[PDB]
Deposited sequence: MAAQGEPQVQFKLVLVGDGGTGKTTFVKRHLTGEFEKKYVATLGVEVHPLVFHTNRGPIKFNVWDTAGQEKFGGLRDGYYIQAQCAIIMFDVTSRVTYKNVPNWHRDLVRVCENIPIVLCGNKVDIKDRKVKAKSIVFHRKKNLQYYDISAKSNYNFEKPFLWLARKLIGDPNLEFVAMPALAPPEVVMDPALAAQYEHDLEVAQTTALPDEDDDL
């Protein structure tokens, strides 16, 4: 099986776990429950070069919850460094995270992501984001909330890891699908629980 260890680092509350959960289940988690150490999630994308599986090590950004810290980076084959464009301090800390990461992983593809561009009051201005240049990191504006560019970090990493610049995500095969006591209860509860974000476009 083709599988790659990916470490995700960044200040607490930048949206690392929300971003991964979006890719895992499609959900958007509004609550902030801080990661305790690391959570490991397998994540598969289908490409024209076959399936690619990322073992995503979603590490804690809060220092008091940091766990093994750089011990998580051992044998990572790629990485995402996350910050929050509404919080300047999280960009200020990007060189520290990068420092600790490349001391363990000296030659891996790394994506820098500025998350939460859906928020109107942006604080880390586009023109300010230059740290990736001397460090050969790929950069993307992203929003786990709006899905803006949300596929880009994984598409770029897969291209670098497979060694194919023409790699593309492709549509999964769609098998033909198969052809009342607890149900009326659950349906009632579901009808009477309001859908979230009723003001969104969808």
Quiz prompt | Where the deposited sequence has no C-alpha coordinates (positions from 1, in order) | solution = 1-7, 187-193
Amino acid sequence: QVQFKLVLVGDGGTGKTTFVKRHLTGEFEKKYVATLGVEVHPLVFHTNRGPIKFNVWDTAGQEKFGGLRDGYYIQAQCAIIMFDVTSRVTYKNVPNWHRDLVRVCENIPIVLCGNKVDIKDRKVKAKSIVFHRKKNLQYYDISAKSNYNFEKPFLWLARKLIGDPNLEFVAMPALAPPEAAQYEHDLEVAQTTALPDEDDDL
From here on, numbers count along this sequence of modelled residues.
Quiz item: Per the entry, where is the mean C-alpha temperature factor higher: 110-118 or 71-79?
Solution: 71-79
Practice problem: Please work out which of 132-140 and 160-168 has the higher mean CA B-factor as recorded in the PDB entry. | Solution: 160-168
Exercise. For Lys145, return the chain-relative third of its C-alpha B-factor as stated in the PDB record: lowest, middle or highest.
Key: middle
Quiz prompt | Among modelled residues of the same chain, the CA temperature factor third for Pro173 | solution = highest
Quiz item: In terms of the CA temperature factor given in the entry, to which third of its chain does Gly66 belong: lowest, middle or highest?
Solution: middle
Practice problem: Can you work out whether the C-alpha temperature factor of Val9 puts it in the lowest, middle or highest third of the chain? | Solution: lowest
Quiz item: By its CA B factor, does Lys21 count among the lowest, middle or highest third of the modelled residues in the chain?
Solution: middle
